[PDB]
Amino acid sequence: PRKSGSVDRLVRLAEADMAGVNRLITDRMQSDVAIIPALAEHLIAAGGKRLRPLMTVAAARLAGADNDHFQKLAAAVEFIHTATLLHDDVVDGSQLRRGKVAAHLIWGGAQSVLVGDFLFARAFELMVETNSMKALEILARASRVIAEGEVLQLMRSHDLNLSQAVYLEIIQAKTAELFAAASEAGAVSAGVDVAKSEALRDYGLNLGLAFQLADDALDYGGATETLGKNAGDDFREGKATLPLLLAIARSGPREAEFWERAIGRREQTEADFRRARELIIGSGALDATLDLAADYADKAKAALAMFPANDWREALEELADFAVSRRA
């Protein structure tokens, strides 16, 4: 049995920096156009684990930063994340996010998209203030790669003959890259050698793969009330993810017409989800997904080998295990 980890040590070590990050967040979500801070705070104040800014903070302190200018980057990262949520929820048609109704059901799809565009621009304004051209290139690139991954998913995730390799390419782009960017931007703020920033980048990329694999498994195996979003969104969208792909592969010839109807032609009821959830758990497909996630978590922990075994390093190792073990 693998270690649980936790976020607790990370959160506690980063407390003094996150108060600065949260101050920037509340500040930059402000606008004279009143819908903007209303829509934004509905999402931001609703909750969220803040893992991405936490990783920027952790990476900066592990790399030994001498000022706190990384806090603006951490704030920018959360805005980028927040914006991608607004856009992704509109695209996927999801009804719940962080325990609240998805913003686009209250303010409309257009306003959700536009407020996302606001946050994206606010994120770059913040980065400009830090004067770190390298950190700005890192997050500009990450943001482009997210969009590419989302398009790739839109084009290719909606048929059952999706390969594992294309799936891993999608999750690397749409999810793991922002984690890699968050750590790498944190590291470059500190003004370090490329070996350290590359190591931290490596940590975040692998953490994000583990993270997304666990998220995909949680979509079938989690409870809506702990997740803050509807279990079964992927299935009801007709979106193939690894747990589904692996389950199809163990299922034999007898289930092929069920998937074809529910996913390929996308004809569904609520009963189809309960049937799918059972076939994903029972076939061990959920477990195999998490085995792969744990493999990526090991890679994330090994990526930090060059760093001193201090509290920041231990916090990041515990986060790697947490990425796989978490329920939300």
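Throughout, we count residues from 1 along the sequence that is shown.
- As recorded in the PDB entry, 61-69 is the stretch of 293-301 and 61-69 with the greater mean C-alpha temperature factor.
- Note on 91-99 vs 137-145: mean CA B-factor is higher in 91-99.
- Taking the deposited Cα B-factors for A249, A123, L227, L209, the highest one is held by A249.
- When the C-alpha B factors of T26, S31, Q268, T56 are read from the deposited coordinates, the top value falls at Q268.
- Looking at the C-alpha B-factors along this chain, the one for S183 belongs to the lowest third.
- The PDB entry assigns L160 a C-alpha temperature factor belonging to the highest third of its chain's modelled residues.
- Ranked by C-alpha B-factor against the other modelled residues of its chain, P253 falls in the highest third.
- In this PDB entry, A309 carries a Cα temperature factor that places it within the highest third of its chain's modelled residues.
- Ranked against the other modelled residues of its chain, the C-alpha B-factor of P243 as given in the entry falls in the highest third.
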